[PDB]
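> Okay, here's the structure, questions in a sec.
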Amino acid sequence: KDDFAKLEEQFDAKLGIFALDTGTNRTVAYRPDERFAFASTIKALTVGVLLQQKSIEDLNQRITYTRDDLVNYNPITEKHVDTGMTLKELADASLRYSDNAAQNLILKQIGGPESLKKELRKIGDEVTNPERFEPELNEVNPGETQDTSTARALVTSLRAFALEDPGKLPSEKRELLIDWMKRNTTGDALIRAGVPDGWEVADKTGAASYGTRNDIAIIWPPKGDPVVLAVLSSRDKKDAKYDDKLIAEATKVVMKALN
Amino acid sequence: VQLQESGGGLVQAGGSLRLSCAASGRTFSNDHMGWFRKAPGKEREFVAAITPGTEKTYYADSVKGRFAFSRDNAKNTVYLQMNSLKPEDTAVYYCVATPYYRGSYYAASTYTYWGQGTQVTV
């Protein structure tokens, strides 16, 4: 407990932490019910909802789009304007590269942010508040509830989609979500940097206004049951920068507490 | 119905321009307004966006701190005050509108009402 307070002070930041060992139900919590802008971590839950609504076959449906659909960060989507991309390809881009237009196209396919909210409430998430598209969802002022969640809610929702208990997705679809998250390219300095070598990691990162820096993950020991955790952080000033080391260090504290 | 943009043209680096977007045919007071720009050769990019109620403003990083989006519901006009103009700001400025939030403010496909555009030179 005092370890997390010490970390907060070292990085001039505020932490929100929740971790659950699914094998023992042992938990690690630090401000687990405090709201933070969820930022791109929402992309994992958006895909979870997409997977509840579409068959594996239906993920092969090609989605056409134009340059008018592109936003501020389109690493993959900008390359396929001419042909379009399948729902499978869009989910890959959104999760592995944090492609913003890919998230927006998926969000439109599932009915928009209000539909994502309804589907999250249906799985029992009464806290996550989807409201906006990318990148405007990153513009959260402290005190606002729009486009925010908590460490506890994000772990609960991530666990619901990714794991067999409480299996909100069938096995084949869970496998897809886990595979994409395991092959994420954006989180090497976050949760991945705080877990021991040999443990497998499936994560989704996010960064937003007020120096918000987040990472949510499912982590596996070489042998045994997974840990689901969320490490969220923010700062007092609008134009504050973040340090990935805060997340990596907070992950190290969590792992000590769990082992 | 039409959206006509004025206040653009010949200006020096570091100077200021106030772009005016005059509406006609219908009231645009309940509409989510915005600005987009297109430079010769360079791709069309988002500039600014404003909501109808609370009037929340959204600006591109490339324009943030220098530009200011403001409304005038009575005159059926929206304004874009551009300060500390850079050679980078040289483009054709388009006034955009949508009655509802159908997508991202940064996405051109989100706007159902488009203007003819006004030339801005630095």
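Scheme for the structure tokens: letters A, B, ... for chains in order shown; per-chain residue numbers from 1; ligand numbers from 1 in order shown.
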Can you pull out the residues contacting residue 204 (chain A)? Cut-off 6 Å, using only C-alpha atoms, and skip same-chain residues under 3 positions away; I want them as an NGL selection string.
:A and (41 or 215-216)
> Store the residues picked out above, limited to N, CA and C atoms, as a short mmCIF file (atom, residue, chain, number, x, y, z; two decimals), in the first residue's frame.

```
data_model
loop_
_atom_site.label_atom_id
_atom_site.label_comp_id
_atom_site.auth_asym_id
_atom_site.auth_seq_id
_atom_site.Cartn_x
_atom_site.Cartn_y
_atom_site.Cartn_z
N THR A 41 -7.59 1.96 -24.12
CA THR A 41 -7.89 0.66 -23.50
C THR A 41 -9.30 0.22 -23.91
N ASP A 215 -2.62 0.86 -18.99
CA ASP A 215 -2.38 -0.44 -19.58
C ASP A 215 -3.25 -1.45 -18.86
N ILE A 216 -3.95 -2.28 -19.62
CA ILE A 216 -4.78 -3.35 -19.08
C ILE A 216 -4.28 -4.64 -19.69
#
```
> For the interface of chain A with chain B (cut-off 9 Å, counting only C-alpha atoms), please tabulate each contacting residue of chain A alongside its nearest pair of atoms and their separation in Å to one decimal, rows sorted by chain and increasing number, as a tab-separated table.

```
residue	atom	partner	partner_atom	distance
A:66	CA	B:109	CA	8.4
A:67	CA	B:108	CA	8.0
A:68	CA	B:108	CA	4.4
A:69	CA	B:107	CA	5.1
A:70	CA	B:107	CA	5.8
A:71	CA	B:106	CA	5.2
A:72	CA	B:106	CA	7.1
A:101	CA	B:107	CA	8.7
A:104	CA	B:104	CA	7.5
A:108	CA	B:103	CA	7.7
A:112	CA	B:103	CA	8.0
A:132	CA	B:104	CA	7.5
A:133	CA	B:104	CA	5.2
A:134	CA	B:104	CA	6.4
A:135	CA	B:104	CA	7.5
A:136	CA	B:104	CA	7.4
A:139	CA	B:58	CA	8.6
```
> For the residues in that selection, give me N, CA, C and O atoms as a PDB file, in the first residue's frame.

```pdb
ATOM      1  N   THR A  66     -13.236   5.569 -46.940  1.00  0.00           N
ATOM      2  CA  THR A  66     -12.501   6.537 -47.749  1.00  0.00           C
ATOM      3  C   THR A  66     -11.582   7.351 -46.863  1.00  0.00           C
ATOM      4  O   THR A  66     -11.571   7.151 -45.643  1.00  0.00           O
ATOM      5  N   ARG A  67     -10.857   8.321 -47.456  1.00  0.00           N
ATOM      6  CA  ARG A  67      -9.998   9.226 -46.687  1.00  0.00           C
ATOM      7  C   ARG A  67     -10.815  10.071 -45.705  1.00  0.00           C
ATOM      8  O   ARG A  67     -10.254  10.573 -44.730  1.00  0.00           O
ATOM      9  N   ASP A  68     -12.132  10.230 -45.956  1.00  0.00           N
ATOM     10  CA  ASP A  68     -13.024  10.983 -45.082  1.00  0.00           C
ATOM     11  C   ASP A  68     -13.195  10.285 -43.732  1.00  0.00           C
ATOM     12  O   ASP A  68     -13.534  10.942 -42.758  1.00  0.00           O
ATOM     13  N   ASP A  69     -12.934   8.966 -43.668  1.00  0.00           N
ATOM     14  CA  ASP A  69     -13.035   8.162 -42.446  1.00  0.00           C
ATOM     15  C   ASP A  69     -11.766   8.186 -41.597  1.00  0.00           C
ATOM     16  O   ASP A  69     -11.807   7.803 -40.423  1.00  0.00           O
ATOM     17  N   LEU A  70     -10.654   8.640 -42.181  1.00  0.00           N
ATOM     18  CA  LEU A  70      -9.374   8.710 -41.493  1.00  0.00           C
ATOM     19  C   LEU A  70      -9.363   9.836 -40.470  1.00  0.00           C
ATOM     20  O   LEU A  70     -10.001  10.873 -40.670  1.00  0.00           O
ATOM     21  N   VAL A  71      -8.688   9.599 -39.341  1.00  0.00           N
ATOM     22  CA  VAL A  71      -8.602  10.584 -38.269  1.00  0.00           C
ATOM     23  C   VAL A  71      -7.133  10.992 -38.054  1.00  0.00           C
ATOM     24  O   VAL A  71      -6.429  11.180 -39.046  1.00  0.00           O
ATOM     25  N   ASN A  72      -6.683  11.181 -36.806  1.00  0.00           N
ATOM     26  CA  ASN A  72      -5.331  11.657 -36.511  1.00  0.00           C
ATOM     27  C   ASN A  72      -4.243  10.584 -36.579  1.00  0.00           C
ATOM     28  O   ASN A  72      -3.076  10.917 -36.792  1.00  0.00           O
ATOM     29  N   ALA A 101      -8.748   5.089 -36.656  1.00  0.00           N
ATOM     30  CA  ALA A 101      -9.838   4.945 -37.626  1.00  0.00           C
ATOM     31  C   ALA A 101     -10.407   3.541 -37.579  1.00  0.00           C
ATOM     32  O   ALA A 101     -11.621   3.393 -37.696  1.00  0.00           O
ATOM     33  N   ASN A 104     -12.872   3.449 -34.831  1.00  0.00           N
ATOM     34  CA  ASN A 104     -14.073   4.179 -35.208  1.00  0.00           C
ATOM     35  C   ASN A 104     -14.964   3.396 -36.155  1.00  0.00           C
ATOM     36  O   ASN A 104     -16.184   3.424 -35.996  1.00  0.00           O
ATOM     37  N   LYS A 108     -18.707   2.122 -35.276  1.00  0.00           N
ATOM     38  CA  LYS A 108     -19.869   2.363 -36.135  1.00  0.00           C
ATOM     39  C   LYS A 108     -20.579   1.056 -36.462  1.00  0.00           C
ATOM     40  O   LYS A 108     -21.812   1.018 -36.445  1.00  0.00           O
ATOM     41  N   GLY A 112     -22.197   2.527 -32.560  1.00  0.00           N
ATOM     42  CA  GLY A 112     -21.670   3.745 -31.962  1.00  0.00           C
ATOM     43  C   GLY A 112     -21.364   3.639 -30.475  1.00  0.00           C
ATOM     44  O   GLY A 112     -21.594   2.594 -29.850  1.00  0.00           O
ATOM     45  N   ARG A 132     -17.579   9.144 -26.805  1.00  0.00           N
ATOM     46  CA  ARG A 132     -16.990   9.722 -28.004  1.00  0.00           C
ATOM     47  C   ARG A 132     -16.157   8.764 -28.854  1.00  0.00           C
ATOM     48  O   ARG A 132     -15.764   7.680 -28.410  1.00  0.00           O
ATOM     49  N   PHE A 133     -15.893   9.194 -30.089  1.00  0.00           N
ATOM     50  CA  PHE A 133     -15.046   8.482 -31.020  1.00  0.00           C
ATOM     51  C   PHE A 133     -13.608   8.915 -30.798  1.00  0.00           C
ATOM     52  O   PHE A 133     -13.334   9.858 -30.051  1.00  0.00           O
ATOM     53  N   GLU A 134     -12.691   8.222 -31.452  1.00  0.00           N
ATOM     54  CA  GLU A 134     -11.290   8.586 -31.430  1.00  0.00           C
ATOM     55  C   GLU A 134     -11.065   9.741 -32.391  1.00  0.00           C
ATOM     56  O   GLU A 134     -11.637   9.728 -33.485  1.00  0.00           O
ATOM     57  N   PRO A 135     -10.201  10.719 -32.052  1.00  0.00           N
ATOM     58  CA  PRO A 135      -9.389  10.850 -30.820  1.00  0.00           C
ATOM     59  C   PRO A 135     -10.013  11.705 -29.727  1.00  0.00           C
ATOM     60  O   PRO A 135      -9.393  11.894 -28.676  1.00  0.00           O
ATOM     61  N   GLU A 136     -11.204  12.267 -29.982  1.00  0.00           N
ATOM     62  CA  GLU A 136     -11.829  13.168 -29.011  1.00  0.00           C
ATOM     63  C   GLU A 136     -12.072  12.516 -27.645  1.00  0.00           C
ATOM     64  O   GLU A 136     -12.056  13.231 -26.640  1.00  0.00           O
ATOM     65  N   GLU A 139      -9.797  13.532 -24.732  1.00  0.00           N
ATOM     66  CA  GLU A 139      -9.929  14.854 -24.141  1.00  0.00           C
ATOM     67  C   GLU A 139     -10.874  14.813 -22.940  1.00  0.00           C
ATOM     68  O   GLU A 139     -12.066  15.108 -23.047  1.00  0.00           O
TER      69      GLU A 139
END
```
> Just the residues within 8 Å of region 76-82 of chain B, please, counting only C-alpha atoms, with nothing from its chain fewer than 2 positions along; format it as a VMD selection string.
chain B and resid 16 to 24 27 to 29 33 66 to 74 84 to 85
> Please extract the residues of region 3-118 of chain A with a backbone DSSP assignment of strand (DSSP E or B) and present them as an MDAnalysis selection string.
chainID A and resid 14:21 27:30 36:37 62:63 85:86
> Can I get the selected residues back with N, CA, C and O atoms, as a PDB file, in the first residue's frame?

```pdb
ATOM      1  N   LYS A  14      -0.925  10.111 -10.133  1.00  0.00           N
ATOM      2  CA  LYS A  14      -1.923   9.397  -9.359  1.00  0.00           C
ATOM      3  C   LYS A  14      -2.144   8.046 -10.030  1.00  0.00           C
ATOM      4  O   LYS A  14      -2.263   7.983 -11.250  1.00  0.00           O
ATOM      5  N   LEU A  15      -2.170   6.972  -9.235  1.00  0.00           N
ATOM      6  CA  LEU A  15      -2.352   5.614  -9.728  1.00  0.00           C
ATOM      7  C   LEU A  15      -3.716   5.066  -9.399  1.00  0.00           C
ATOM      8  O   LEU A  15      -4.264   5.349  -8.327  1.00  0.00           O
ATOM      9  N   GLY A  16      -4.217   4.241 -10.303  1.00  0.00           N
ATOM     10  CA  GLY A  16      -5.429   3.456 -10.124  1.00  0.00           C
ATOM     11  C   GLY A  16      -5.078   2.025 -10.481  1.00  0.00           C
ATOM     12  O   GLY A  16      -4.700   1.756 -11.625  1.00  0.00           O
ATOM     13  N   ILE A  17      -5.132   1.104  -9.498  1.00  0.00           N
ATOM     14  CA  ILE A  17      -4.706  -0.284  -9.697  1.00  0.00           C
ATOM     15  C   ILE A  17      -5.720  -1.300  -9.228  1.00  0.00           C
ATOM     16  O   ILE A  17      -6.279  -1.156  -8.147  1.00  0.00           O
ATOM     17  N   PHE A  18      -5.928  -2.347 -10.024  1.00  0.00           N
ATOM     18  CA  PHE A  18      -6.723  -3.500  -9.617  1.00  0.00           C
ATOM     19  C   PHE A  18      -6.166  -4.725 -10.301  1.00  0.00           C
ATOM     20  O   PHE A  18      -5.970  -4.705 -11.514  1.00  0.00           O
ATOM     21  N   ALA A  19      -5.884  -5.778  -9.530  1.00  0.00           N
ATOM     22  CA  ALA A  19      -5.348  -7.023 -10.066  1.00  0.00           C
ATOM     23  C   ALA A  19      -6.038  -8.156  -9.375  1.00  0.00           C
ATOM     24  O   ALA A  19      -6.266  -8.114  -8.163  1.00  0.00           O
ATOM     25  N   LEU A  20      -6.337  -9.178 -10.152  1.00  0.00           N
ATOM     26  CA  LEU A  20      -7.036 -10.341  -9.681  1.00  0.00           C
ATOM     27  C   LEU A  20      -6.346 -11.588 -10.185  1.00  0.00           C
ATOM     28  O   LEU A  20      -6.209 -11.768 -11.397  1.00  0.00           O
ATOM     29  N   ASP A  21      -5.921 -12.458  -9.257  1.00  0.00           N
ATOM     30  CA  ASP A  21      -5.381 -13.756  -9.638  1.00  0.00           C
ATOM     31  C   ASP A  21      -6.613 -14.644  -9.816  1.00  0.00           C
ATOM     32  O   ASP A  21      -7.300 -14.929  -8.840  1.00  0.00           O
ATOM     33  N   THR A  27      -6.500 -10.514  -4.600  1.00  0.00           N
ATOM     34  CA  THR A  27      -6.570  -9.208  -5.243  1.00  0.00           C
ATOM     35  C   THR A  27      -5.530  -8.235  -4.704  1.00  0.00           C
ATOM     36  O   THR A  27      -5.115  -8.327  -3.549  1.00  0.00           O
ATOM     37  N   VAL A  28      -5.124  -7.300  -5.568  1.00  0.00           N
ATOM     38  CA  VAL A  28      -4.251  -6.172  -5.251  1.00  0.00           C
ATOM     39  C   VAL A  28      -5.062  -4.953  -5.697  1.00  0.00           C
ATOM     40  O   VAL A  28      -5.518  -4.922  -6.839  1.00  0.00           O
ATOM     41  N   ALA A  29      -5.262  -3.960  -4.816  1.00  0.00           N
ATOM     42  CA  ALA A  29      -6.037  -2.762  -5.139  1.00  0.00           C
ATOM     43  C   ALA A  29      -5.411  -1.508  -4.580  1.00  0.00           C
ATOM     44  O   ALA A  29      -4.910  -1.512  -3.457  1.00  0.00           O
ATOM     45  N   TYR A  30      -5.461  -0.431  -5.356  1.00  0.00           N
ATOM     46  CA  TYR A  30      -4.978   0.877  -4.944  1.00  0.00           C
ATOM     47  C   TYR A  30      -5.801   1.880  -5.724  1.00  0.00           C
ATOM     48  O   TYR A  30      -5.674   1.940  -6.942  1.00  0.00           O
ATOM     49  N   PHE A  36     -10.571   7.365 -14.207  1.00  0.00           N
ATOM     50  CA  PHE A  36      -9.522   7.813 -15.114  1.00  0.00           C
ATOM     51  C   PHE A  36     -10.069   7.738 -16.527  1.00  0.00           C
ATOM     52  O   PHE A  36     -10.896   6.873 -16.808  1.00  0.00           O
ATOM     53  N   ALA A  37      -9.581   8.608 -17.433  1.00  0.00           N
ATOM     54  CA  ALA A  37      -9.906   8.528 -18.857  1.00  0.00           C
ATOM     55  C   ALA A  37      -9.412   7.144 -19.283  1.00  0.00           C
ATOM     56  O   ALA A  37      -8.270   6.801 -18.980  1.00  0.00           O
ATOM     57  N   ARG A  62     -15.826  -7.494 -45.638  1.00  0.00           N
ATOM     58  CA  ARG A  62     -14.981  -6.367 -45.997  1.00  0.00           C
ATOM     59  C   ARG A  62     -15.751  -5.085 -45.744  1.00  0.00           C
ATOM     60  O   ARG A  62     -16.925  -4.975 -46.112  1.00  0.00           O
ATOM     61  N   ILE A  63     -15.089  -4.128 -45.095  1.00  0.00           N
ATOM     62  CA  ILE A  63     -15.654  -2.829 -44.776  1.00  0.00           C
ATOM     63  C   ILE A  63     -14.973  -1.812 -45.667  1.00  0.00           C
ATOM     64  O   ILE A  63     -13.753  -1.642 -45.594  1.00  0.00           O
ATOM     65  N   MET A  85     -11.049  -2.962 -45.598  1.00  0.00           N
ATOM     66  CA  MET A  85     -10.469  -3.936 -44.677  1.00  0.00           C
ATOM     67  C   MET A  85     -11.572  -4.777 -44.069  1.00  0.00           C
ATOM     68  O   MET A  85     -12.658  -4.266 -43.789  1.00  0.00           O
ATOM     69  N   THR A  86     -11.295  -6.050 -43.808  1.00  0.00           N
ATOM     70  CA  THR A  86     -12.298  -6.874 -43.151  1.00  0.00           C
ATOM     71  C   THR A  86     -12.395  -6.507 -41.668  1.00  0.00           C
ATOM     72  O   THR A  86     -11.476  -5.892 -41.112  1.00  0.00           O
TER      73      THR A  86
END
```
> Can you pull out the residues contacting residue 11 (chain B)? Cut-off 10 Å, using only C-alpha atoms, and skip same-chain residues under 3 positions away; I want them as a PDB file with N, CA, C and O atoms, in the first residue's frame.

```pdb
ATOM      1  N   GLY B   8     -10.859  35.349 -45.457  1.00  0.00           N
ATOM      2  CA  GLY B   8      -9.578  34.765 -45.842  1.00  0.00           C
ATOM      3  C   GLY B   8      -8.873  35.503 -46.961  1.00  0.00           C
ATOM      4  O   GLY B   8      -9.470  36.352 -47.632  1.00  0.00           O
ATOM      5  N   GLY B  14       2.862  35.561 -38.880  1.00  0.00           N
ATOM      6  CA  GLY B  14       2.734  36.064 -37.519  1.00  0.00           C
ATOM      7  C   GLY B  14       1.487  36.906 -37.327  1.00  0.00           C
ATOM      8  O   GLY B  14       1.128  37.238 -36.194  1.00  0.00           O
ATOM      9  N   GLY B  15       0.828  37.241 -38.438  1.00  0.00           N
ATOM     10  CA  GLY B  15      -0.389  38.047 -38.465  1.00  0.00           C
ATOM     11  C   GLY B  15      -1.631  37.316 -37.993  1.00  0.00           C
ATOM     12  O   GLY B  15      -1.548  36.199 -37.467  1.00  0.00           O
ATOM     13  N   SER B  16      -2.801  37.951 -38.180  1.00  0.00           N
ATOM     14  CA  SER B  16      -4.083  37.390 -37.765  1.00  0.00           C
ATOM     15  C   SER B  16      -5.194  37.553 -38.791  1.00  0.00           C
ATOM     16  O   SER B  16      -5.248  38.557 -39.505  1.00  0.00           O
ATOM     17  N   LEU B  17      -6.069  36.542 -38.868  1.00  0.00           N
ATOM     18  CA  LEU B  17      -7.234  36.522 -39.746  1.00  0.00           C
ATOM     19  C   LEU B  17      -8.429  35.978 -38.985  1.00  0.00           C
ATOM     20  O   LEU B  17      -8.272  35.098 -38.138  1.00  0.00           O
ATOM     21  N   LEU B  85      -0.051  33.222 -37.232  1.00  0.00           N
ATOM     22  CA  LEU B  85      -0.067  32.493 -38.502  1.00  0.00           C
ATOM     23  C   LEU B  85       1.330  32.094 -38.983  1.00  0.00           C
ATOM     24  O   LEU B  85       2.264  32.888 -38.903  1.00  0.00           O
ATOM     25  N   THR B  90      -1.024  27.902 -44.716  1.00  0.00           N
ATOM     26  CA  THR B  90      -1.452  28.245 -46.077  1.00  0.00           C
ATOM     27  C   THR B  90      -2.220  27.073 -46.703  1.00  0.00           C
ATOM     28  O   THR B  90      -1.618  26.058 -47.072  1.00  0.00           O
ATOM     29  N   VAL B 120      -6.499  30.984 -48.009  1.00  0.00           N
ATOM     30  CA  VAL B 120      -5.717  31.627 -46.955  1.00  0.00           C
ATOM     31  C   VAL B 120      -4.241  31.492 -47.335  1.00  0.00           C
ATOM     32  O   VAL B 120      -3.749  30.375 -47.516  1.00  0.00           O
ATOM     33  N   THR B 121      -3.557  32.636 -47.499  1.00  0.00           N
ATOM     34  CA  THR B 121      -2.145  32.686 -47.876  1.00  0.00           C
ATOM     35  C   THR B 121      -1.306  33.428 -46.836  1.00  0.00           C
ATOM     36  O   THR B 121      -1.667  34.531 -46.424  1.00  0.00           O
ATOM     37  N   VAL B 122      -0.192  32.809 -46.409  1.00  0.00           N
ATOM     38  CA  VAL B 122       0.736  33.363 -45.423  1.00  0.00           C
ATOM     39  C   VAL B 122       2.089  33.649 -46.085  1.00  0.00           C
ATOM     40  O   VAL B 122       2.550  34.789 -46.085  1.00  0.00           O
TER      41      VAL B 122
END
```
